[PDB]
Every structure is written in structure tokens, then in C-alpha cells.
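In what follows, a structure is listed as C-alpha cells, so that the remarks can point back to it.
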Amino acid sequence: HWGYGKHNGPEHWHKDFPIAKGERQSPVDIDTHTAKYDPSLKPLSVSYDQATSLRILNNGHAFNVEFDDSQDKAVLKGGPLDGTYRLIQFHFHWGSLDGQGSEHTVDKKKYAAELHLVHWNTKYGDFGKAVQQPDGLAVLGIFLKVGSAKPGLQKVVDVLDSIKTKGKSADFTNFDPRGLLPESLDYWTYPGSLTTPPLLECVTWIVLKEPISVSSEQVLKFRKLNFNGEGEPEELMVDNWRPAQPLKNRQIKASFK
Ligand SMILES: *c1c(C=O)cccc1-c1ccc(S(N)(=O)=O)cc1
Ligand SMILES: NS(=O)(=O)c1ccc(-c2cccc(C=O)c2)cc1
Ligand SMILES: [Zn+2]
């Protein structure tokens, strides 16, 4: 089916997901000189103190760390958002080389990877309903640059050997996602979409200004994962990113000057 190869990648997706050519597609390039500071944007409220991680899964496109979203345990509020968004999972997109891998770009700069913390608007009851709504999701996006190691990422790196191939999962309880954040919560925000099929236009994107630093060894271990299932020819899971899409009739707002 769809993927990231030459024969099933982002240039092909529109044939089965025509919204790929829609009016609010993600990711986008963040032109920092064209984004407008909005002094009415509130601070983000990230409340992960009670987060309950469950499992890590290689789904053939990335790996997801999944959370208990049956109660308000780990929630995102504030910023541009109305209402409460529950954390359901996080995942990454990354490159084959340190100079590429992020989906969003900043003044056309690509980061080595991008973390997506996916939340859904609790007024819609469940995630499947939320993705059908224009304000159903809020994804907190965080850039990764290669430099010093991120201690809060190491527990994720440690377990990747056990989920090398598509369909493999492992217990991943008691993981604190607060260890994945930068110091500052300054952000850009704009209305967009899922960056993989079904490409639904349901996401308020909140992209942090400050990248996190991860070590070359940490991202190298990302690149040892496999797109393929066990017993199939090995295809390294690398370059699972969609390139920047036309901004069209949208304005990116900044919470900071
Ligand atoms: C995730 C699930 C299940 O966890 C189901 C359908 C779609 C997605 C999805 C979530 C987030 C994104 S992203 N790259 O954060 O925009 C793409 C697909
Ligand atoms: N969902 S999509 O991006 O439009 C898509 C789905 C399936 C294919 C496909 C199907 C069968 C064989 C091949 C081999 O290249 C590719 C190629 C593209
Ligand atoms: Zn993503």
C-alpha cells in the first residue's frame, strides 16, 4: 500500500487519498520572517504528570509509543486551542542522513528528525471521531538536531531492537514523555492535516521553536528499524517524512517575537 518509496511515496498518495492536494495539507515550510507574532496567543499548557504509557509498536511506517487515553491523564490545552486534547501516542519521522528527516522545515532548513505528540479533542469522544473534524487533533511537533544525547529519549532507543520489524510491539509502561521536551514552549501554529494517509485535514499544528538535541548514536538506532515484516527482505526504516506542502491560504502565527 502507501509508503515512502519511489513507487508508493508522497508523489503517489493523491491517487488513493485525493485530499493530498487539498487546501490545508501538512507539513509546511515555516518562513520565520513571514510568520506573525500574535500577542493574544496564550501559553501552551502541557500536563503530562499523570501520563500512562502502554506499548511501543512498529507499524511499518514509524514506531508509536501509545498511551492510555481513556481518561484525562496527559493533556494539551491553551495556546491556540479551545478545550482539552488527550495524548494518544507519539512517533517520529527521520532521515537516512543527519541533514534531512523532519517534515516541517524552518526557513527551508531540515532537521534530522521530528517528534509528533498526537492529541485528540475530548469533545469528540474518541480518536476515530476526532480525525473527522477540522479541530479534532492537536499535534505538538518538536525538531531533533544531532548533537548531545537526549537522556529522556534513551529508554525509547533501548527498546527498538525488540520491535525491529513491522507488526512487532513491546510493553512500554512507565515512560515519562516530559523528558522529550525542550526548555522553552514558544511555538508556531497553523491549521493543517495528518502528514500520512488518510491525510485528513483535522490538525491544529503546534511546532516548538526550540529543537531538542539527540546524539548521532540515538538517531543511528532509529535507522536500524525495518519497514518490512519479519522474514521479508530488509528495507531500512529511513526517510519516512513527507516534504513540505503548499501553504495556500494559511497564515502561520508565532507565540513569541
Ligand atoms: C494515527 C493513527 C493511530 O494511532 C490512526 C490514523 C492516523 C494516525 C496518524 C496520526 C498522526 C499523523 S501525523 N504524522 O502526526 O500528522 C499521521 C497519522
Ligand atoms: N496509496 S498510494 O500511494 O496511492 C499507492 C498504493 C499502492 C501502490 C502499489 C500497488 C501495487 C504495486 C506497487 C509496486 O510498486 C505499488 C502504489 C501507490
Ligand atoms: Zn507524524
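In terms of packing, defined here as the mean over residues of other Cβ atoms within 10 angstrom, the peptides 99-105, 242-248 line up highest first as 99-105, 242-248. Annotation: Cα Rg of the chain relative to the compact-globule expectation 2.2 N^0.38 Å equals 0.95.
The residue among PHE222, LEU236, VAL75 whose Cα reaches farthest toward the positive pole of the charge dipole of the chain, with charges on the beta-carbon of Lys, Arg, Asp and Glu, is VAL75.
Expressed to the nearest 5 percent, the antiparallel share of DSSP beta bridges inside the chain is 80 percent. Computed from backbone phi, the HN-Hα couplings of segment 220-228 come to 4, 6, 3, 6, 8, 5, 10, 5, 6 Hz, rounded to whole numbers (Karplus: 6.51 cos²θ - 1.76 cosθ + 1.60, θ = phi - 60°; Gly and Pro given as x). Highest-first packing order for the peptide set 208-218, 30-40, 173-183, 106-116 is 106-116, 208-218, 173-183, 30-40, based on the mean count of other beta carbon atoms within 10 Å. Label point of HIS1 set 7 angstrom out along Cα-Cβ; within segment 193-210, amide nitrogens under 12 Å from it belong to 197-199. Modelled spin labels at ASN8 and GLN50, positioned 7 Å past Cα toward Cβ, are 4.1 nm from each other. A simple rule links phi to the HN-Hα coupling: the Karplus curve 6.51 cos²θ - 1.76 cosθ + 1.60 with θ = phi - 60°, which for segment 45-51 gives 10, 9, 10, 9, 4, 9, 4 Hz, with x for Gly and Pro. Comparing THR34, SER96, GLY147 along the charge dipole axis of the chain, the residue lying farthest to the positive side is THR34, per the Cβ-charge model. Computed from phi, the 3J(HN,Hα) profile of segment 4-16 under the Karplus parametrisation 6.51, -1.76, 1.60 (θ = phi - 60°) reads 10, x, 4, 9, 9, x, x, 5, 9, 4, 4, 5, 10 Hz, with x in place of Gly and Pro. Label-to-label distance for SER40 and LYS123 is 1.7 nm, based on points extended 7 Å past Cα in the beta-carbon direction. Here's how it looks for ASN240: its modeled amide H is under 5 Å from those of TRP94, which are all 5 or more places away or on a different chain.
Applying 1/(1 + (r/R0)^6) with r as the Cβ-Cβ distance of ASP158 and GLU230 and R0 = 25 angstrom yields a FRET efficiency of 0.80.
By average Cβ neighbour count within 10 Å, what is the ranking of 118-129, 85-96 from highest down?
85-96, 118-129
Quick reminder, even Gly has a Cβ in these numbers, built from the backbone with ideal geometry, and neighbours come from all protein chains shown. A short reminder: the numbers here are calculations on the coordinates, not readings from a lab.
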